[PDB]
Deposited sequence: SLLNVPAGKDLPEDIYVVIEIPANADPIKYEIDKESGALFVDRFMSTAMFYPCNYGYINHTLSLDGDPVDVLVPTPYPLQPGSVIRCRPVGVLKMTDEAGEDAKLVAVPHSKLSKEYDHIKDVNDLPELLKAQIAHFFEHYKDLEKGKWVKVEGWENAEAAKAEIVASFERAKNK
């Protein structure tokens, strides 16, 4: 089951992200039920918006807000909900609703299209702008958010370590 997926091959550099929401999909917010490991429908988003990246989490992590570390992962093609992808963290969007969303890109073994993206600054400015705007507005018709800013790979990695250790 998805419940048995490890946090990564080598934390915080090499991680696995369990995808819950594909990039560019219908506005259905799914979530893996932590008890069953099954894909539950969390809610039908009320805004006409879509996640600009595949969205999911790192298993075996516990942040402050209670859940696992949530990650956005850009890919050439939308991924299947419930699928697991190997990535390396490169940044973190910090916001207040405080919450942190990491940005991880596919591991070199899955694709070479991202090798050049080592840090938050290497991410296409538009994409960063879209992620922010999305997080800043998807819940408008409901819960609110306030994007504070981006942080580097180090801070993204620190969040992973802290949450994994905190999960233990």
Non-modelled portions of the deposited polymer sequence, in sequence order: 98-100, 146-147, 174-175
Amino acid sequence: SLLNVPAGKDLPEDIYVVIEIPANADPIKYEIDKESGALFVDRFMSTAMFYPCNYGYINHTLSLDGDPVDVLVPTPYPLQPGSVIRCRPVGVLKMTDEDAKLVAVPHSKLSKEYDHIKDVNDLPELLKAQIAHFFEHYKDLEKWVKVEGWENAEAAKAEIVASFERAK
From here on, numbers count along this sequence of modelled residues.
1-9 or 158-166, whichever carries the higher mean Cα B-factor: 1-9
Mean C-alpha temperature factor, higher of 144-152 and 10-18: 144-152
Peak C-alpha temperature factor (PDB record), options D119, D70, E136, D26: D119
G66 - Cα temperature factor, lowest/middle/highest third of chain: highest
Chain-wide C-alpha B factor ranking for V90, given as lowest, middle or highest third: middle
CA B-factor ranking of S46, expressed as a third of its chain: middle
Among modelled residues of the same chain, the CA temperature factor third for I32: middle
Third of chain Cα B-factors occupied by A100: highest
